[PDB]
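Cβ atoms come from the backbone with ideal geometry, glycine included; neighbour counts cover every protein chain shown. Here, each number is a calculation from the coordinates, and none is a lab measurement.
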Amino acid sequence: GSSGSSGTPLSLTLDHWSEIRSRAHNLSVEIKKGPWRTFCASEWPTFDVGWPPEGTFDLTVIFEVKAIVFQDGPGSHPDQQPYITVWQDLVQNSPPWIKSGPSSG
């Protein structure tokens with residue numbers, strides 16, 4: 001099971017901003033490294049769902065923010081939509097810079 005106290009997602013992501021930007025291109029979306037942080041600074045963790053200030057690669061927690069983000073009305077976040085989306089893509093396609101393991105076989 002996953003359990004450790006080292007390295008953060010926000011940092012892991014920001015570190016591989018290039019990758020985050022790539023996922024956006026493949027998704028046909030554009031994002032910044034300034035807001036990406038802000039939104040993951042005190043925006044997502046301030047939505048009231050269970051999102052940490054450091055971030056998390058939990059589809060569950062992701063879907064939570066995405067839920068509010070992809071909500072109905074002026075509340076929806078069309079700017080974070082592409083941001084939270086990537087976060088979702090990250091989980092799905094867990095990168096090696098994110099999840100490291102031997103993987104026997």
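Only Cα sites of the chain enter the Debye sum here, all with the same form factor; the resulting log10 I(q)/I(0) across q = 0.18, 0.21 1/Å is -0.85, -1.15, listed in q order. In plain terms, the residue of 12, 90 with the fewest other Cβ atoms within 10 Å comes first and the most crowded comes last, giving 12, 90. Per-residue ellipticity at 222 nm, computed for the chain from helices alone with -39500 (n - 2.57) per DSSP H run of at least four residues, works out to -14500 deg cm²/dmol.
The residues 32, 66, when put in order of fewest to most other Cβ atoms within 10 Å, stand as 32, 66. The long axis of helix 33-42 is offset from the longest Cα principal axis of the chain by roughly 80 degrees. For helix 17-27, report the angle its Cα long axis makes with the longest principal axis of the Cα atoms of the chain; keep it between 0 and 90° and round to the nearest 10°. Tilt of helix 17-27: around 60 degrees. Between the helical axis of 81-92 and the dominant principal axis of the chain, each derived from Cα atoms, what acute angle in degrees is found, rounded to the nearest 10? Value to nearest ten degrees: 20. Residue 14 sits among other residues whose Cβ lies under 14 Å from its own Cβ, and their net charge, with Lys and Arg +1 and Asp and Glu -1, is +2.
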